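query.pdb (PDB, C-alpha atoms) appears below.
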ATOM      1  CA  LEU A 851      78.656  -7.593  -0.343  1.00  0.00           C
ATOM      2  CA  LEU A 852      81.569  -9.423   1.261  1.00  0.00           C
ATOM      3  CA  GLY A 853      79.355 -10.329   4.214  1.00  0.00           C
ATOM      4  CA  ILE A 854      76.942 -12.004   1.800  1.00  0.00           C
ATOM      5  CA  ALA A 855      79.724 -13.646  -0.228  1.00  0.00           C
ATOM      6  CA  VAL A 856      81.553 -15.475   2.580  1.00  0.00           C
ATOM      7  CA  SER A 857      78.439 -17.160   3.994  1.00  0.00           C
ATOM      8  CA  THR A 858      77.432 -18.001   0.419  1.00  0.00           C
ATOM      9  CA  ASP A 859      78.835 -21.354  -0.720  1.00  0.00           C
ATOM     10  CA  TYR A 860      78.317 -20.650  -4.434  1.00  0.00           C
ATOM     11  CA  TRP A 861      81.892 -19.550  -5.140  1.00  0.00           C
ATOM     12  CA  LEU A 862      82.746 -21.940  -7.969  1.00  0.00           C
ATOM     13  CA  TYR A 863      81.060 -24.640 -10.054  1.00  0.00           C
ATOM     14  CA  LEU A 864      82.511 -27.944 -11.212  1.00  0.00           C
ATOM     15  CA  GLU A 865      81.178 -30.396 -13.806  1.00  0.00           C
ATOM     16  CA  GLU A 866      83.120 -33.656 -13.840  1.00  0.00           C
ATOM     17  CA  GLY A 867      82.098 -35.463 -16.987  1.00  0.00           C
ATOM     18  CA  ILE A 868      82.986 -38.020 -19.629  1.00  0.00           C
ATOM     19  CA  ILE A 869      82.898 -37.328 -23.362  1.00  0.00           C
ATOM     20  CA  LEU A 870      80.956 -39.316 -25.919  1.00  0.00           C
ATOM     21  CA  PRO A 871      82.660 -39.944 -29.284  1.00  0.00           C
ATOM     22  CA  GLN A 872      80.278 -39.856 -32.261  1.00  0.00           C
ATOM     23  CA  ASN A 873      76.497 -39.495 -32.795  1.00  0.00           C
ATOM     24  CA  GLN A 874      76.816 -39.014 -29.007  1.00  0.00           C
ATOM     25  CA  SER A 875      78.324 -35.823 -27.577  1.00  0.00           C
ATOM     26  CA  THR A 876      78.659 -35.383 -23.789  1.00  0.00           C
ATOM     27  CA  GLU A 877      77.703 -37.023 -20.513  1.00  0.00           C
ATOM     28  CA  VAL A 878      78.126 -35.458 -17.081  1.00  0.00           C
ATOM     29  CA  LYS A 879      79.273 -37.569 -14.143  1.00  0.00           C
ATOM     30  CA  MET A 880      79.660 -35.294 -11.098  1.00  0.00           C
ATOM     31  CA  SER A 881      78.728 -31.741 -10.132  1.00  0.00           C
ATOM     32  CA  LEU A 882      79.122 -29.536  -7.058  1.00  0.00           C
ATOM     33  CA  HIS A 883      79.217 -25.885  -6.158  1.00  0.00           C
ATOM     34  CA  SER A 884      81.957 -25.067  -3.695  1.00  0.00           C
ATOM     35  CA  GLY A 885      82.416 -22.862  -0.661  1.00  0.00           C
ATOM     36  CA  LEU A 886      85.297 -21.439   1.319  1.00  0.00           C
ATOM     37  CA  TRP A 887      84.016 -22.556   4.730  1.00  0.00           C
ATOM     38  CA  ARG A 888      82.172 -25.717   3.692  1.00  0.00           C
ATOM     39  CA  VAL A 889      81.026 -27.443   0.528  1.00  0.00           C
ATOM     40  CA  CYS A 890      77.354 -27.743  -0.312  1.00  0.00           C
ATOM     41  CA  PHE A 891      77.416 -30.665  -2.763  1.00  0.00           C
ATOM     42  CA  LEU A 892      75.057 -30.731  -5.737  1.00  0.00           C
ATOM     43  CA  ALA A 893      73.174 -33.032  -8.148  1.00  0.00           C
ATOM     44  CA  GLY A 894      76.015 -35.530  -8.630  1.00  0.00           C
ATOM     45  CA  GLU A 895      73.906 -38.666  -7.904  1.00  0.00           C
ATOM     46  CA  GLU A 896      71.291 -36.278  -6.329  1.00  0.00           C
ATOM     47  CA  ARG A 897      72.913 -36.213  -2.876  1.00  0.00           C
ATOM     48  CA  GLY A 898      72.434 -32.854  -1.157  1.00  0.00           C
ATOM     49  CA  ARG A 899      75.460 -32.718   1.160  1.00  0.00           C
ATOM     50  CA  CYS A 900      76.243 -29.409   2.800  1.00  0.00           C
ATOM     51  CA  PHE A 901      79.514 -31.088   3.608  1.00  0.00           C
ATOM     52  CA  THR A 902      82.346 -29.672   5.718  1.00  0.00           C
ATOM     53  CA  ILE A 903      85.774 -29.557   4.047  1.00  0.00           C
ATOM     54  CA  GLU A 904      87.463 -30.805   7.250  1.00  0.00           C
ATOM     55  CA  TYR A 905      85.629 -34.127   6.769  1.00  0.00           C
ATOM     56  CA  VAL A 906      86.734 -36.314   3.851  1.00  0.00           C
ATOM     57  CA  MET A 907      84.535 -37.035   0.778  1.00  0.00           C
ATOM     58  CA  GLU A 916      90.011 -37.976  -5.427  1.00  0.00           C
ATOM     59  CA  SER A 917      91.407 -35.096  -7.483  1.00  0.00           C
ATOM     60  CA  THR A 918      88.248 -32.997  -7.124  1.00  0.00           C
ATOM     61  CA  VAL A 919      88.583 -33.460  -3.367  1.00  0.00           C
ATOM     62  CA  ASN A 920      92.201 -32.363  -3.871  1.00  0.00           C
ATOM     63  CA  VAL A 921      90.709 -29.236  -5.441  1.00  0.00           C
ATOM     64  CA  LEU A 922      88.593 -28.746  -2.321  1.00  0.00           C
ATOM     65  CA  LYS A 923      91.426 -29.072   0.208  1.00  0.00           C
ATOM     66  CA  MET A 924      93.586 -26.510  -1.600  1.00  0.00           C
ATOM     67  CA  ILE A 925      90.800 -23.902  -1.346  1.00  0.00           C
ATOM     68  CA  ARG A 926      91.520 -23.731   2.405  1.00  0.00           C
ATOM     69  CA  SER A 927      94.972 -22.267   1.655  1.00  0.00           C
ATOM     70  CA  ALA A 928      93.163 -19.107   0.469  1.00  0.00           C
ATOM     71  CA  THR A 929      90.659 -19.006   3.358  1.00  0.00           C
ATOM     72  CA  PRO A 930      92.285 -16.466   5.783  1.00  0.00           C
ATOM     73  CA  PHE A 931      92.787 -13.476   3.466  1.00  0.00           C
ATOM     74  CA  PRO A 932      89.070 -12.758   2.755  1.00  0.00           C
ATOM     75  CA  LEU A 933      88.529 -13.234   6.494  1.00  0.00           C
ATOM     76  CA  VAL A 934      91.343 -10.717   6.908  1.00  0.00           C
ATOM     77  CA  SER A 935      89.620  -8.589   4.249  1.00  0.00           C
ATOM     78  CA  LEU A 936      86.195  -8.639   5.913  1.00  0.00           C
ATOM     79  CA  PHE A 937      87.597  -7.415   9.236  1.00  0.00           C
ATOM     80  CA  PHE A 938      89.300  -4.410   7.649  1.00  0.00           C
ATOM     81  CA  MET A 939      86.026  -2.988   6.380  1.00  0.00           C
ATOM     82  CA  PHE A 940      84.648  -3.754   9.845  1.00  0.00           C
ATOM     83  CA  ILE A 941      87.325  -1.524  11.374  1.00  0.00           C
ATOM     84  CA  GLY A 942      87.073   0.891   8.435  1.00  0.00           C
ATOM     85  CA  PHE A 943      83.357   1.638   8.582  1.00  0.00           C
ATOM     86  CA  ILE A 944      82.929   1.973  12.363  1.00  0.00           C
ATOM     87  CA  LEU A 945      85.584   4.699  12.462  1.00  0.00           C
ATOM     88  CA  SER A 946      83.732   6.301   9.538  1.00  0.00           C
ATOM     89  CA  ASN A 947      80.654   6.587  11.777  1.00  0.00           C
ATOM     90  CA  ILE A 948      82.734   8.591  14.267  1.00  0.00           C
ATOM     91  CA  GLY A 949      83.421  11.352  11.739  1.00  0.00           C
ATOM     92  CA  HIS A 950      79.704  11.865  11.077  1.00  0.00           C
ATOM     93  CA  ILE A 951      78.593  12.736  14.621  1.00  0.00           C
ATOM     94  CA  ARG A 952      81.793  14.501  15.695  1.00  0.00           C
ATOM     95  CA  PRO A 953      83.485  16.102  12.656  1.00  0.00           C
ATOM     96  CA  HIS A 954      86.188  17.964  14.591  1.00  0.00           C
ATOM     97  CA  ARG A 955      89.594  16.514  15.549  1.00  0.00           C
ATOM     98  CA  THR A 956      89.696  15.155  12.019  1.00  0.00           C
ATOM     99  CA  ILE A 957      92.656  12.746  12.369  1.00  0.00           C
ATOM    100  CA  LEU A 958      90.408   9.663  12.677  1.00  0.00           C
ATOM    101  CA  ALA A 959      89.178   9.951   9.071  1.00  0.00           C
ATOM    102  CA  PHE A 960      92.654  10.005   7.481  1.00  0.00           C
ATOM    103  CA  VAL A 961      93.654   6.914   9.465  1.00  0.00           C
ATOM    104  CA  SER A 962      90.413   5.048   8.698  1.00  0.00           C
ATOM    105  CA  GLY A 963      90.806   5.721   4.976  1.00  0.00           C
ATOM    106  CA  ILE A 964      94.024   3.698   5.050  1.00  0.00           C
ATOM    107  CA  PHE A 965      92.004   0.724   6.308  1.00  0.00           C
ATOM    108  CA  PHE A 966      89.766   1.094   3.256  1.00  0.00           C
ATOM    109  CA  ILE A 967      92.812   0.974   0.982  1.00  0.00           C
ATOM    110  CA  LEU A 968      94.566  -1.799   2.903  1.00  0.00           C
ATOM    111  CA  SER A 969      91.330  -3.841   2.932  1.00  0.00           C
ATOM    112  CA  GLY A 970      91.209  -4.576  -0.789  1.00  0.00           C
ATOM    113  CA  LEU A 971      94.950  -5.253  -0.907  1.00  0.00           C
ATOM    114  CA  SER A 972      94.314  -8.482   0.985  1.00  0.00           C
ATOM    115  CA  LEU A 973      91.435  -9.172  -1.416  1.00  0.00           C
ATOM    116  CA  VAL A 974      93.797  -9.071  -4.407  1.00  0.00           C
ATOM    117  CA  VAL A 975      96.080 -11.355  -2.394  1.00  0.00           C
ATOM    118  CA  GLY A 976      92.893 -13.276  -1.610  1.00  0.00           C
ATOM    119  CA  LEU A 977      92.022 -13.768  -5.273  1.00  0.00           C
ATOM    120  CA  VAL A 978      95.602 -14.536  -6.355  1.00  0.00           C
ATOM    121  CA  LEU A 979      95.841 -17.278  -3.726  1.00  0.00           C
ATOM    122  CA  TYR A 980      92.364 -18.457  -4.759  1.00  0.00           C
ATOM    123  CA  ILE A 981      92.549 -18.493  -8.562  1.00  0.00           C
ATOM    124  CA  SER A 982      96.048 -19.987  -8.610  1.00  0.00           C
ATOM    125  CA  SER A 983      94.734 -22.697  -6.286  1.00  0.00           C
ATOM    126  CA  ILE A 984      92.082 -23.504  -8.896  1.00  0.00           C
ATOM    127  CA  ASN A 985      94.249 -23.519 -12.007  1.00  0.00           C
ATOM    128  CA  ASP A 986      97.052 -25.729 -10.713  1.00  0.00           C
ATOM    129  CA  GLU A 987      94.519 -28.390  -9.726  1.00  0.00           C
ATOM    130  CA  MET A 988      93.039 -27.811 -13.164  1.00  0.00           C
ATOM    131  CA  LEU A 989      96.548 -28.688 -14.334  1.00  0.00           C
ATOM    132  CA  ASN A 990      96.943 -31.470 -11.784  1.00  0.00           C
ATOM    133  CA  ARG A 991      94.360 -33.786 -13.346  1.00  0.00           C
ATOM    134  CA  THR A 992      95.909 -36.474 -15.517  1.00  0.00           C
ATOM    135  CA  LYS A 993      94.907 -35.432 -19.030  1.00  0.00           C
ATOM    136  CA  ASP A 994      92.717 -38.237 -20.374  1.00  0.00           C
ATOM    137  CA  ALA A 995      90.924 -37.636 -23.658  1.00  0.00           C
ATOM    138  CA  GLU A 996      87.669 -39.323 -22.633  1.00  0.00           C
ATOM    139  CA  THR A 997      87.015 -37.130 -19.557  1.00  0.00           C
ATOM    140  CA  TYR A 998      86.120 -33.518 -20.244  1.00  0.00           C
TER     141      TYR A 998
ATOM    142  CA  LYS B 505     104.613 -42.106 -13.824  1.00  0.00           C
ATOM    143  CA  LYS B 506     105.132 -40.438 -17.175  1.00  0.00           C
ATOM    144  CA  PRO B 507     106.235 -36.937 -16.098  1.00  0.00           C
ATOM    145  CA  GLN B 508     103.757 -34.211 -16.961  1.00  0.00           C
ATOM    146  CA  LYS B 509     104.024 -30.453 -17.024  1.00  0.00           C
ATOM    147  CA  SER B 510     105.448 -29.667 -13.602  1.00  0.00           C
ATOM    148  CA  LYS B 511     103.877 -27.342 -11.074  1.00  0.00           C
ATOM    149  CA  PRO B 512     105.152 -23.828 -11.896  1.00  0.00           C
ATOM    150  CA  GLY B 513     107.160 -22.257  -9.123  1.00  0.00           C
ATOM    151  CA  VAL B 514     106.315 -18.924  -7.566  1.00  0.00           C
ATOM    152  CA  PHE B 515     109.539 -17.538  -9.048  1.00  0.00           C
ATOM    153  CA  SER B 516     109.050 -19.161 -12.459  1.00  0.00           C
ATOM    154  CA  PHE B 517     109.109 -15.836 -14.321  1.00  0.00           C
ATOM    155  CA  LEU B 518     112.831 -15.263 -13.715  1.00  0.00           C
ATOM    156  CA  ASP B 519     113.550 -18.730 -15.137  1.00  0.00           C
ATOM    157  CA  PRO B 520     114.908 -17.691 -18.615  1.00  0.00           C
ATOM    158  CA  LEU B 521     117.815 -15.762 -17.085  1.00  0.00           C
ATOM    159  CA  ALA B 522     120.209 -17.637 -14.830  1.00  0.00           C
ATOM    160  CA  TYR B 523     121.065 -16.661 -11.265  1.00  0.00           C
ATOM    161  CA  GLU B 524     124.441 -15.122 -12.059  1.00  0.00           C
ATOM    162  CA  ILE B 525     122.944 -12.728 -14.600  1.00  0.00           C
ATOM    163  CA  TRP B 526     120.314 -11.318 -12.220  1.00  0.00           C
ATOM    164  CA  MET B 527     123.091 -10.494  -9.774  1.00  0.00           C
ATOM    165  CA  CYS B 528     125.245  -8.958 -12.504  1.00  0.00           C
ATOM    166  CA  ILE B 529     122.337  -6.792 -13.661  1.00  0.00           C
ATOM    167  CA  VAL B 530     121.712  -5.285 -10.221  1.00  0.00           C
ATOM    168  CA  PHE B 531     125.427  -4.942  -9.483  1.00  0.00           C
ATOM    169  CA  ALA B 532     125.728  -3.069 -12.772  1.00  0.00           C
ATOM    170  CA  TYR B 533     122.507  -1.218 -11.969  1.00  0.00           C
ATOM    171  CA  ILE B 534     124.288   0.170  -8.921  1.00  0.00           C
ATOM    172  CA  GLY B 535     127.647   0.621 -10.628  1.00  0.00           C
ATOM    173  CA  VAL B 536     126.337   2.670 -13.532  1.00  0.00           C
ATOM    174  CA  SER B 537     124.187   4.679 -11.107  1.00  0.00           C
ATOM    175  CA  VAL B 538     127.215   5.437  -8.924  1.00  0.00           C
ATOM    176  CA  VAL B 539     129.424   6.562 -11.822  1.00  0.00           C
ATOM    177  CA  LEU B 540     126.599   8.637 -13.331  1.00  0.00           C
ATOM    178  CA  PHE B 541     126.423  10.461 -10.001  1.00  0.00           C
ATOM    179  CA  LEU B 542     130.169  11.154  -9.875  1.00  0.00           C
ATOM    180  CA  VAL B 543     130.257  12.412 -13.469  1.00  0.00           C
ATOM    181  CA  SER B 544     127.797  15.246 -12.835  1.00  0.00           C
ATOM    182  CA  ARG B 545     129.678  16.497  -9.756  1.00  0.00           C
ATOM    183  CA  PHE B 546     132.771  17.740 -11.580  1.00  0.00           C
ATOM    184  CA  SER B 547     130.935  19.362 -14.491  1.00  0.00           C
ATOM    185  CA  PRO B 548     128.815  22.519 -14.161  1.00  0.00           C
ATOM    186  CA  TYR B 549     128.275  22.851 -17.928  1.00  0.00           C
TER     187      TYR B 549
ATOM    188  CA  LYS C 752     114.911 -74.618 -32.794  1.00  0.00           C
ATOM    189  CA  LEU C 753     112.499 -71.681 -32.961  1.00  0.00           C
ATOM    190  CA  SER C 754     115.145 -69.251 -31.684  1.00  0.00           C
ATOM    191  CA  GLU C 755     117.957 -70.174 -34.097  1.00  0.00           C
ATOM    192  CA  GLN C 756     115.617 -69.402 -37.024  1.00  0.00           C
ATOM    193  CA  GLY C 757     113.840 -66.508 -35.300  1.00  0.00           C
ATOM    194  CA  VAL C 758     110.263 -67.763 -35.003  1.00  0.00           C
ATOM    195  CA  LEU C 759     110.241 -66.685 -31.347  1.00  0.00           C
ATOM    196  CA  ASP C 760     111.803 -63.338 -32.269  1.00  0.00           C
ATOM    197  CA  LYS C 761     109.066 -62.795 -34.852  1.00  0.00           C
ATOM    198  CA  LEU C 762     106.533 -63.684 -32.157  1.00  0.00           C
ATOM    199  CA  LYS C 763     108.287 -61.030 -30.080  1.00  0.00           C
ATOM    200  CA  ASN C 764     107.780 -58.779 -33.098  1.00  0.00           C
ATOM    201  CA  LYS C 765     104.192 -60.039 -33.208  1.00  0.00           C
ATOM    202  CA  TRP C 766     102.717 -59.499 -29.771  1.00  0.00           C
ATOM    203  CA  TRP C 767     104.341 -56.275 -28.618  1.00  0.00           C
ATOM    204  CA  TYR C 768     103.896 -54.464 -31.931  1.00  0.00           C
ATOM    205  CA  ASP C 769     100.279 -55.357 -32.765  1.00  0.00           C
ATOM    206  CA  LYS C 770      98.743 -53.926 -29.574  1.00  0.00           C
ATOM    207  CA  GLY C 771      98.856 -50.351 -30.814  1.00  0.00           C
ATOM    208  CA  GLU C 772     101.685 -47.995 -30.048  1.00  0.00           C
ATOM    209  CA  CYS C 773     102.275 -44.967 -27.842  1.00  0.00           C
ATOM    210  CA  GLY C 774     105.404 -43.347 -29.242  1.00  0.00           C
ATOM    211  CA  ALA C 775     105.920 -40.261 -31.371  1.00  0.00           C
ATOM    212  CA  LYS C 776     102.353 -40.566 -32.695  1.00  0.00           C
ATOM    213  CA  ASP C 777     100.999 -38.609 -29.724  1.00  0.00           C
ATOM    214  CA  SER C 778     104.209 -36.646 -29.148  1.00  0.00           C
ATOM    215  CA  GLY C 779     104.101 -35.477 -32.782  1.00  0.00           C
ATOM    216  CA  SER C 780     100.815 -33.663 -33.381  1.00  0.00           C
ATOM    217  CA  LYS C 781      98.761 -34.142 -30.190  1.00  0.00           C
ATOM    218  CA  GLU C 782     100.100 -30.944 -28.637  1.00  0.00           C
ATOM    219  CA  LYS C 783      98.847 -27.384 -28.805  1.00  0.00           C
ATOM    220  CA  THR C 784     100.270 -24.821 -26.425  1.00  0.00           C
ATOM    221  CA  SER C 785      98.066 -23.389 -23.703  1.00  0.00           C
ATOM    222  CA  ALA C 786      97.543 -19.845 -22.590  1.00  0.00           C
ATOM    223  CA  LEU C 787      99.589 -18.677 -19.644  1.00  0.00           C
ATOM    224  CA  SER C 788      98.033 -19.478 -16.306  1.00  0.00           C
ATOM    225  CA  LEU C 789      98.048 -17.026 -13.440  1.00  0.00           C
ATOM    226  CA  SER C 790     100.453 -19.348 -11.618  1.00  0.00           C
ATOM    227  CA  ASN C 791     103.083 -18.893 -14.323  1.00  0.00           C
ATOM    228  CA  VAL C 792     103.145 -15.157 -13.572  1.00  0.00           C
ATOM    229  CA  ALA C 793     101.841 -15.203 -10.003  1.00  0.00           C
ATOM    230  CA  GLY C 794     105.061 -14.158  -8.255  1.00  0.00           C
ATOM    231  CA  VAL C 795     105.139 -10.832 -10.072  1.00  0.00           C
ATOM    232  CA  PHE C 796     101.939  -9.907  -8.219  1.00  0.00           C
ATOM    233  CA  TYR C 797     103.480 -10.851  -4.876  1.00  0.00           C
ATOM    234  CA  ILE C 798     106.401  -8.537  -5.625  1.00  0.00           C
ATOM    235  CA  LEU C 799     103.887  -5.942  -6.814  1.00  0.00           C
ATOM    236  CA  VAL C 800     101.466  -6.023  -3.870  1.00  0.00           C
TER     237      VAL C 800
END
Have the structure of the file written as structure tokens, please.
Amino acid sequence: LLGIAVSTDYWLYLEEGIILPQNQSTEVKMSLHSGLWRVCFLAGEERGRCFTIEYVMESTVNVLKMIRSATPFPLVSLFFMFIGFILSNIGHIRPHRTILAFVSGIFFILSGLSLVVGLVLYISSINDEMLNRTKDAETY
Amino acid sequence: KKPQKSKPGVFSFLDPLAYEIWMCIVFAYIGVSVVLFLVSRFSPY
Amino acid sequence: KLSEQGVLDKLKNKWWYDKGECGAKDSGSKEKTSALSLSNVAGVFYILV
């Protein structure tokens, strides 16, 4: 599930839009779904850019650059199930000399610890840039 | 720029108590814990 | 002549006061408090983990 999630660039949605006052309700202006490696841009002006973050193109781009600060910890997290499961295969063929299981179970526990660190660095990187927009009443 | 709500620091939870209190808590955390140890030495009952 | 009788001062009262104001009218009742973000309480998790 983490192997599917990292290559997937459908982590988070954004809908940049402008309000409409009365007998008129809403009007979208920009939209993209985001990824940790690279952005695959969406139906904002119908331009299908699977666009790398390291190349440029505002505040929604400032959202996208801060996502890279939470890149390494899921990459740290994916490797620790890679080292956790292969040592689990060793205990199935050769059950004796049982020390390898008790060590590999630590790497299951220490794997998700980086994921909680991974989500804390991720979600706090979303909400501060949610705060960092200048609060204008006309743009929802 | 009109100043907005600032970016919250990573240690923004210990904001409502000043720096000298947080030292005086822990220094009294130790000091009460030391004296509570030395009280129970002299007394069996 | 306009300054000794305050025509220019009234025109100063005219043009900077008629354009709409941004004073206590949006500092008065255009605030509601938000929920806490994660970033307000983020450092507790770093001490925890």
At most 12 Å to chain B: residues in chain A, only C-alpha atoms, as a ChimeraX atom specification = /A:978-979,982-983,985-993
Could you list, as a count of residues only, the residues of chain C having an atom within 10 Å of chain A when counting only C-alpha atoms?
-> 10
Excluding stretch 858-862 of chain A and any residue of its chain fewer than 6 positions from it, enumerate the residues within 7 Å of it, using all atoms listed in the file, and give them as an MDAnalysis selection string.
-> chainID A and resid 883:886 889:890
Exercise answer, chain B residues close to chain C, 7 Å and all atoms listed in the file, as a PDB file with C-alpha atoms, keeping the file's coordinate frame:
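What landed in selection-v5.pdb:
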ATOM      1  CA  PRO B 512     105.152 -23.828 -11.896  1.00  0.00           C
ATOM      2  CA  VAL B 514     106.315 -18.924  -7.566  1.00  0.00           C
ATOM      3  CA  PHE B 515     109.539 -17.538  -9.048  1.00  0.00           C
ATOM      4  CA  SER B 516     109.050 -19.161 -12.459  1.00  0.00           C
ATOM      5  CA  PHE B 517     109.109 -15.836 -14.321  1.00  0.00           C
TER       6      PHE B 517
END
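Here atom CA of residue A:891 stands at a distance of 10.2 Å from atom CA of residue A:907.
The spacing separating atom CA of residue A:916 from atom CA of residue B:513 amounts to 23.6 Å.
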Can you give me N, CA and C atoms for stretch 526-541 of chain B, written as a short mmCIF file (atom, residue, chain, number, x, y, z; two decimals), in the frame of the given file?
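And here is the file that came out, selection.cif:
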data_model
loop_
_atom_site.label_atom_id
_atom_site.label_comp_id
_atom_site.auth_asym_id
_atom_site.auth_seq_id
_atom_site.Cartn_x
_atom_site.Cartn_y
_atom_site.Cartn_z
N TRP B 526 121.16 -12.20 -13.03
CA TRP B 526 120.31 -11.32 -12.22
C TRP B 526 121.11 -10.60 -11.14
N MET B 527 122.18 -11.22 -10.64
CA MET B 527 123.09 -10.49 -9.77
C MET B 527 123.89 -9.47 -10.56
N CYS B 528 124.40 -9.86 -11.73
CA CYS B 528 125.24 -8.96 -12.50
C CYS B 528 124.46 -7.82 -13.14
N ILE B 529 123.14 -7.93 -13.24
CA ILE B 529 122.34 -6.79 -13.66
C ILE B 529 122.28 -5.75 -12.55
N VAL B 530 121.92 -6.19 -11.34
CA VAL B 530 121.71 -5.28 -10.22
C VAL B 530 123.03 -4.68 -9.77
N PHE B 531 124.11 -5.46 -9.82
CA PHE B 531 125.43 -4.94 -9.48
C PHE B 531 125.88 -3.92 -10.51
N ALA B 532 125.48 -4.09 -11.77
CA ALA B 532 125.73 -3.07 -12.77
C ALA B 532 124.67 -1.98 -12.75
N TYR B 533 123.49 -2.27 -12.21
CA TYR B 533 122.51 -1.22 -11.97
C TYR B 533 123.03 -0.22 -10.95
N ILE B 534 123.68 -0.71 -9.90
CA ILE B 534 124.29 0.17 -8.92
C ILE B 534 125.50 0.86 -9.51
N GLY B 535 126.35 0.10 -10.20
CA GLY B 535 127.65 0.62 -10.63
C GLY B 535 127.54 1.72 -11.67
N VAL B 536 126.59 1.58 -12.59
CA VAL B 536 126.34 2.67 -13.53
C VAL B 536 125.71 3.86 -12.82
N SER B 537 124.83 3.60 -11.84
CA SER B 537 124.19 4.68 -11.11
C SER B 537 125.18 5.44 -10.23
N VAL B 538 126.20 4.75 -9.72
CA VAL B 538 127.22 5.44 -8.92
C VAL B 538 128.07 6.33 -9.81
N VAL B 539 128.52 5.81 -10.95
CA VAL B 539 129.42 6.56 -11.82
C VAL B 539 128.69 7.73 -12.47
N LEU B 540 127.41 7.55 -12.80
CA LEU B 540 126.60 8.64 -13.33
C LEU B 540 126.43 9.76 -12.32
N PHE B 541 126.42 9.43 -11.03
CA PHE B 541 126.42 10.46 -10.00
C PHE B 541 127.74 11.22 -9.98
#
